[PDB]
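Here's the structure we're looking at; comments come further down.
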Amino acid sequence: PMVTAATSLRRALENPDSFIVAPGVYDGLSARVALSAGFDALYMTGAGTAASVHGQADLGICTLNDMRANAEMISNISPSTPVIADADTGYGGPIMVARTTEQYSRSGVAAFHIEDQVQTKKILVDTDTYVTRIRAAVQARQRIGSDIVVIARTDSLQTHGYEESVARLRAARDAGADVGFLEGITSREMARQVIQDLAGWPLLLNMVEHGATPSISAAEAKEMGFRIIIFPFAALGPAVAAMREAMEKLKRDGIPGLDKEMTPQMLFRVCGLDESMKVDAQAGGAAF
Amino acid sequence: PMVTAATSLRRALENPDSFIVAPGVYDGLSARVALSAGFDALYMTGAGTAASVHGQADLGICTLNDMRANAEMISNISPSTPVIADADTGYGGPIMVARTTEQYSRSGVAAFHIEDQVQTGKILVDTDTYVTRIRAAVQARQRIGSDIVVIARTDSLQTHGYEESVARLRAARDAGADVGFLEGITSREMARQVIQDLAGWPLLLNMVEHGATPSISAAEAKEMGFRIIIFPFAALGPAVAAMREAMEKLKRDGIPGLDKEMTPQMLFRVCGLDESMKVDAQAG
Amino acid sequence: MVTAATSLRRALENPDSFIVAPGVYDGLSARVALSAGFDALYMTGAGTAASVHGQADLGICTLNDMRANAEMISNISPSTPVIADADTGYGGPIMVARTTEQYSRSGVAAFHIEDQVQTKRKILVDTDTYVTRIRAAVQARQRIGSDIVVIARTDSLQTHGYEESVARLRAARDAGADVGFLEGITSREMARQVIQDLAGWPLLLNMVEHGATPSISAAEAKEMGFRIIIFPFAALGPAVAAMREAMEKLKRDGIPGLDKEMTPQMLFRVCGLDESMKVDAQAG
Amino acid sequence: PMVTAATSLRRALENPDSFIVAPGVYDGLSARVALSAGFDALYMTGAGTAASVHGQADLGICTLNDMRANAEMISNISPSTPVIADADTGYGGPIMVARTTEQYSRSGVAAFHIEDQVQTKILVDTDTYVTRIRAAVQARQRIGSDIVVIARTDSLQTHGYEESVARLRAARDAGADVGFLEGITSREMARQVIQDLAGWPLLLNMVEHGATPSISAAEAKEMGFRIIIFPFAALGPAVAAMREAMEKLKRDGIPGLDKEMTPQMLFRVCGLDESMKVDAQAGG
Ligand SMILES: [Mg+2]
Ligand SMILES: [Mg+2]
Ligand SMILES: [Mg+2]
Ligand SMILES: [Mg+2]
């Protein structure tokens, strides 16, 4: 039988000693680089999928199709490594939440977050309608015997302020969500409070540096009491800076002038050539 | 009415003076970042497509669906910037070579390259099979009236040597292909020779450094007489070295330590936010 | 390079042309309608939902799903106009713009956008949000020089009344729409009344039988002054009733018992094997 | 603990008493319609996929992407019901056969077939064909998938019976679960193959009016087959019905569809009530 990295994530979350550190990846390449560096979890950023798949800002231009194709691909690079995937607002009503839940599960996604924003347009949907997306996800994975981890995100902080944020989290905890995600915590003090306010329920810190949140390392998050830290820009920021200074060097020099170690063979190795080659060798033949 | 950058690439190649630099791009970011640097053609690498879309080596794992979708979105980031796309071996026989051709045209691809390998090393098909692909591609764009530039590429140098490569390319030239492409050129002298051996007919140099070919710059390639130069790992080697570095620093420190400017807003404006905002604003 | 969007556009500026488009949901139903002699086709979203997804018409189809099926049907016979459901444009003006650009590149002759909320959890959006949709579509096609015909549909007849329905149809006309589409017309006096309320603007009749709408045949509808009549269930209804009977009979017998002309050779002929064979012979 | 119909099928096939009867379905409609007729296995046909998804003959036009998506939609209408899908030649070499196998597994497909034709009737040598079967088996062992590997040979009309048998023995020995002699030409050949490969599950393709005699499910079972498929069960009826309705609509200018043939009815055939329960349970 098939196993998923949902089940080992779930099992690590039911354990108070485990802390999940998941760099933000957005494509095959970033996923391979992060895995080679020895990360035991990855986070598929939706801002990065929008940037890579469509070359757009994150304005809600990825469909279910895009987002699931990208999460399934990242989940199956290393199937025993948990992937936490953005799932925006679930791509419609409860029928669409269920469909997303089932498709992410079949794809081997370990966890996905679902938020309280309006599909289209930060504009928010009433709490009732939000818990409706939560319930439909929990019931969907329940129908298919899936251990996928439901993360409940709330984008209500700046809009409606701390207590309303904590209210909407608690409503989603009561409707079955496995983890809470307060977007844009504004101080270390608010991060300690929310751990205490939703005591005993796992929480996820979103660590995008240089924004509403002070810079909190993974050892410090763990000690404040979070259960997951994600860094959605760990790969994007570096990649964009280097591609820009590489492009400009090419435009000056007329040749990329890459280090003698960036052979194409090496980039196929980063992408698991050796493993493909033994998959081909094992089937008999041949081509290598 | 409705316009493709194949027409304009096409006329550049007709001007004996135009020299085309196409850096290698693989996704929406690399594409956006290269257009921001001021480049006037792009090159969609299929190795880069296999690495980004699937996380795999360049081993023929991308389907026509896969490649056609990545090339349509890169092509429509800047619809007036010619895009040159890997089309591999045209994704099957004549019927599939024609779908690939029609699907790339509708999508506004400016040029694509078809090679002489099995689908499917390196390992080669015969000149008659290879020319059937080339003729399927030409006759298909003629039926729909597409100006898409058909690039005939050969991988026969390593196995069969120089005269075999040249004759495969003459065979393709005679079947209608607009540009030649001798892959894996092994010396400066052979670069000078192919150009004169196929005088009159424009040629593409694939410049992936530190492989089979000496390191030739845009400037040395235009002296030799190439009409197009491409740099497939131009976005992708820099992105890999930078991510690897950032990940093993994040592993040691427990925090990215990103430069103050690498913010999500930075990325949004790199990805054409101010224009997305104008579109919405203009609709009401 | 041409699309049927152009020819449908001038068919609609010429006052004597009337468009008869039977509902088609996959490539088979498209090939069968074309063979019957039909000069236009209508891609039902109801049917697309049922076929690609095996689901009721519940807003479960994505722009990815609708656009693939619309490109395919449009390109079975590129010179025959295809009118495609485009639901609510799959989001805000940013998505409405993508939808228009993608259908245009796809060869799709005409598409329709409505005033329902994208995601229920009939419920409509206000008129300004609706007009924003229609405006995003006109502007999007104008930027890329696309002739794709923009059909403004309203589902407000039941929820708001006929006077409101007419006001939303006039507000869509003012925003640049090419054709209007009152959904669910309840009588012929209302039919003749909408044609007159929006005099000089072409209107589309949705003729799904046994609904809110009396039975109006292509000729009567032309005579009244409609310029397009669609029959979304023309293929779906007969396909479903016959497959259900075939299956129950196979369940009873243990063998299908099909007519001797129900063969894989008849299928392939239906689905243009002779032309696929002309194409492959040509490349050789 | 997420479960797949591959497990129940593979376990049924270990139990001699079990006989598998599956009609051919090509899309969500024809699959809803067969399931409602009481069937407990479904066959996804490749010729019907090409005709529905692409509008084309069964010519090698479908891609892994086309074929895996239609397969996952069909498996997931009734996930406890086993679905046998076509997999052509597995879409490349060991690497693509393995992707095909992984992706089919994750989609809930219960069994698939891989045959011995060239990717692009012309056959590949036994060794190459066995490499695919072996790559299928090893791919699914690696992920712990119970997916059923069916080995198909199309060698009969080109090489005759004894070559056919040699190819299934070689697929068998490499790990395939079931054998599929395409185009069996008599009742005697049918008993001879079942026998020559005793104790190895066989499948009978039953497409009436071809080279195979009409053999019903009951007779196939009595013979020794473990699986009977009816690829054309839904295609034949669908095409004839639509043709006839299309021609009638052309003459009459109105479908004149039966009073039963409505949206409500389609939406019920495609699971409307179950969609509404799911909604009411969410809200809550
Ligand atoms: Mg998001
Ligand atoms: Mg390639
Ligand atoms: Mg619709
Ligand atoms: Mg097939």
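Protein chains in written order, with the working numbering: chain A, 2 to 289; chain B, 61 to 344; chain C, 7 to 290; chain D, 510 to 793. All residues carry an ideal CB built from backbone N, CA and C; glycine is no exception.
Exercise. Please specify which runs of the beta strand (DSSP E), each continuous and at least 3 residues long, are wholly inside the segment 33-62 of chain A, giving them in chain order.
Key: 43-45
Self-check item: Spatial distance of B:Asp234 from B:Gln199 (CA atoms)
Solution: Counted from its first residue, the second sequence places residue 234 of chain B at position 174. Counted from its first residue, the second sequence places residue 199 of chain B at position 139. Distance between the alpha carbons of B:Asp234 and B:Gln199: 13 Å.
Exercise. Go ahead and pull the three-state DSSP assignment for C:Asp91.
Key: The residue given as residue 91 of chain C occupies position 85 in the third sequence. In this structure, C:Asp91 counts as strand in the three-state DSSP scheme.
Quiz prompt | Beta-carbon neighbours of residue 1 of chain A, restricted to chain C and to distances below 7 Å | solution = Chain A is shown from 2 up to 289; residue 1 of chain A falls before or after that span and cannot be answered.
Exercise. Report the three-state DSSP secondary structure of D:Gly533 (helix, strand or coil).
Key: Sequence index remark: in the fourth sequence, residue 533 of chain D carries index 24 (1-based). Strand.
Quiz item: Going by the beta-carbon positions, is the gap between B:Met284 and B:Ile255 smaller than 7 Å?
Solution: For the purposes of this step, residue 284 of chain B is taken as the residue at position 224 of the second sequence. For the purposes of this step, residue 255 of chain B is taken as the residue at position 195 of the second sequence. In contact: B:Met284 and B:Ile255 (Cβ atoms closer than 7 Å).
Quiz item: Can you list the residues of chain A that D:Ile583 reaches, using a CB-CB cut of under 9 Å?
Solution: Here residue 583 of chain D refers to the residue found at position 74 when the fourth sequence is read from its first residue. Chain A residues near D:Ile583: none, gap ~14 Å exceeds 9 Å.
Exercise. Mind listing which residues have their beta carbon within less than 7 Å of any non-hydrogen atom of ligand 4? Chain order is fine.
Key: D:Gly555, D:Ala556, D:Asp567, D:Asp595, D:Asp597
Practice problem: Tell me, to the nearest whole angstrom, how far the beta carbon of D:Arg735 is from that of D:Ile529; I am working on the premise that it is less than 8 Å. | Solution: Against the fourth sequence, residue 735 of chain D aligns to sequence position 226. Against the fourth sequence, residue 529 of chain D aligns to sequence position 20. Between the beta-carbon of D:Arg735 and that of D:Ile529 there is about 6 Å, and that keeps the pair under the 8 Å contact cut.
Quiz prompt | Within 7 Å, strictly: CB atoms of D:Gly599 and D:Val606 | solution = The residue you call residue 599 of chain D lines up with position 90 of the fourth sequence. The residue you call residue 606 of chain D lines up with position 97 of the fourth sequence. Contact: yes.
Practice problem: With DSSP as the reference, label D:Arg661 as helix, strand or coil. | Solution: As a working note, residue 661 of chain D is residue 152 in the fourth sequence. For D:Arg661, the three-state secondary structure derived from DSSP is strand.
Quiz prompt | Buried or exposed by the 16-neighbour rule on C-beta atoms within 10 Å, applied to C:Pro270 | solution = Against the third sequence, residue 270 of chain C aligns to sequence position 264. Burial call: buried.
Quiz item: Using 7 Å as the limit for Cβ to Cβ distance, is A:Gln120 near chain D?
Solution: As a first step, residue 120 of chain A is located in the first sequence; it is residue number 119 there, counting from the start. Cβ-Cβ to chain D under 7 Å: no for A:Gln120.
Practice problem: State the Cα-Cα distance for the pair C:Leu40 and A:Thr101, rounded to the nearest angstrom. | Solution: Position 34 of the third sequence holds residue 40 of chain C. Position 100 of the first sequence holds residue 101 of chain A. Their backbone Cα atoms lie some 36 Å apart in a straight line.
Quiz item: From this set, A:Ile96, A:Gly25, A:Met208, which residue's C-alpha is nearest A:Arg189's C-alpha?
Solution: Translated into the one-based positions of the first sequence, residue 189 of chain A becomes position 188. It is A:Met208.
Quiz item: Whose C-alpha, out of A:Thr82, A:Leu199, A:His161, A:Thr187, is nearest the C-alpha of A:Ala173?
Solution: Residue 173 of chain A sits at position 172 when you count from the first residue of the first sequence. Comparing Cα-Cα distances from A:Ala173 to each of A:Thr82, A:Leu199, A:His161, A:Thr187, the minimum goes to A:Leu199.
Quiz item: By Cβ distance, which residues of its chain are closer than 8 Å to C:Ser23, with the 5 residues on each side in sequence left out?
Solution: To locate residue 23 of chain C, count along the third sequence from 1; it is residue 17. Excluding residues within five positions, the ones whose Cβ falls inside 8 Å are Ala17, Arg233.
Quiz item: In this structure, does DSSP put A:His161 in helix, strand or coil?
Solution: Counting from 1 along the first sequence, the entry for residue 161 of chain A is found at position 160. DSSP places A:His161 in helix when its eight states are reduced to three.
Exercise. Give a yes or no on whether 7 Å exceeds the smallest Cβ distance from A:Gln57 to chain B.
Key: Numbered from its first residue, the first sequence carries residue 57 of chain A at position 56. Yes, A:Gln57 counts as interfacial toward chain B.
Quiz prompt | CA-to-CA distance, D:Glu753 to C:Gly263, given in whole angstroms | solution = As a first step, residue 263 of chain C is located in the third sequence; it is residue number 257 there, counting from the start. As a first step, residue 753 of chain D is located in the fourth sequence; it is residue number 244 there, counting from the start. The straight-line gap from Cα to Cα measures roughly 19 Å.
Quiz item: If A:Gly61 and A:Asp28 are in contact, beta carbons under 8 Å, what's the gap, nearest whole angstrom?
Solution: What you label residue 61 of chain A is simply residue 60 of the first sequence in a count that begins at 1. What you label residue 28 of chain A is simply residue 27 of the first sequence in a count that begins at 1. A:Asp28 and A:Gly61 do not touch by the CB rule: their CB atoms are close to 19 Å apart, not below 8 Å.
Exercise. Report the rounded CA-to-CA distance for residue 1 of chain A versus A:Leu205, giving the unit in angstroms.
Key: Lying outside 2 to 289, the shown extent of chain A, residue 1 of chain A is not represented and no answer is given.
Exercise. Sort C:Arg176, C:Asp121, C:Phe117 by Cα distance to C:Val155 and report the nearest one.
Key: The sequence position of residue 155 of chain C within the third sequence is 149, counting from 1. Residue C:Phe117 is the option with its Cα nearest to C:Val155.
Practice problem: Residues of the segment 63-89 of chain B with a CB closer than 7 Å to any CB of chain A: list them in chain order, please. | Solution: Going along the segment 63-89 of chain B in chain order, one finds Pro83, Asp87, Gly88, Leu89 with a Cβ nearer than 7 Å to chain A.
Self-check item: C:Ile150, DSSP secondary structure in three states
Solution: Walking along the third sequence from the start, residue 150 of chain C turns up at place 144. Here C:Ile150 sits in helix by DSSP.
Quiz item: Within the 7 Å Cβ cut-off, does B:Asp234 reach chain C?
Solution: On the second sequence, position 174 is the one that residue 234 of chain B refers to. Under the Cβ distance rule, B:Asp234 does not count among the residues neighbouring chain C, no pair being separated by less than 7 Å.
Quiz item: Mind checking if C:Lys284 is an interface residue toward chain D, Cβ cutoff 7 Å exclusive?
Solution: Taking the first residue of the third sequence as 1, we reach residue 284 of chain C at position 278. Answer no: the Cβ-Cβ gap between C:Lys284 and chain D never drops below 7 Å.
Practice problem: Output the boundary residues of the beta strand (DSSP E) element that contains D:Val687. | Solution: Start at 1 with the first residue of the fourth sequence, and residue 687 of chain D comes out as number 178. Looking at the DSSP string, the run of the beta strand (DSSP E) that includes D:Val687 is 687-690.
Practice problem: For C:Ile100, decide whether its Cβ has a neighbour in chain B, counting only Cβ atoms nearer than 7 Å. | Solution: As a first step, residue 100 of chain C is located in the third sequence; it is residue number 94 there, counting from the start. Answer yes: the Cβ-Cβ gap between C:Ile100 and chain B drops below 7 Å somewhere.
Practice problem: Enumerate in chain order the residues of its own chain whose CB-to-CB distance from D:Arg700 is below 8 Å, with the five nearest sequence positions on each side excluded. | Solution: As a position in the fourth sequence, residue 700 of chain D is number 191, starting the count at 1. Within the same chain, D:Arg700 has close Cβ partners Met732, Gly733.
Practice problem: Look at the alpha carbon of C:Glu267 and the alpha carbon of C:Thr68, and state the distance between them as a whole number of angstroms. | Solution: Mapped onto the third sequence, residue 267 of chain C falls at position 261. Mapped onto the third sequence, residue 68 of chain C falls at position 62. C-alpha separation (whole angstroms): 37 Å.
Exercise. With DSSP collapsed to three states, give me the class of A:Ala111.
Key: Residue numbering aside, residue 111 of chain A sits at position 110 when the first sequence is read from its first letter. In the structure shown, A:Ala111 sits in coil (DSSP, three-state: anything other than H, G, I, E or B).
Quiz prompt | C:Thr86 versus C:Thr12, C:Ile150, C:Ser152, residue with shortest Cα-Cα distance | solution = Position 80 of the third sequence, counted from the first residue, corresponds to residue 86 of chain C. Residue C:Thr12 is the option with its Cα nearest to C:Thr86.
Practice problem: Mind checking who A:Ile230 pairs with in its DSSP beta bridge? | Solution: On the first sequence, residue 230 of chain A is found 229 positions in, with the first residue counted as 1. According to DSSP, which records beta bridges pairwise, A:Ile230 is partnered with A:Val22, A:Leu206.
Exercise. Measure the C-alpha to C-alpha separation of A:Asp148 and D:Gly653 and round it to an integer number of angstroms.
Key: Counting from one through the first sequence, the residue named residue 148 of chain A turns up at place 147. Counting from one through the fourth sequence, the residue named residue 653 of chain D turns up at place 144. About 18 Å.
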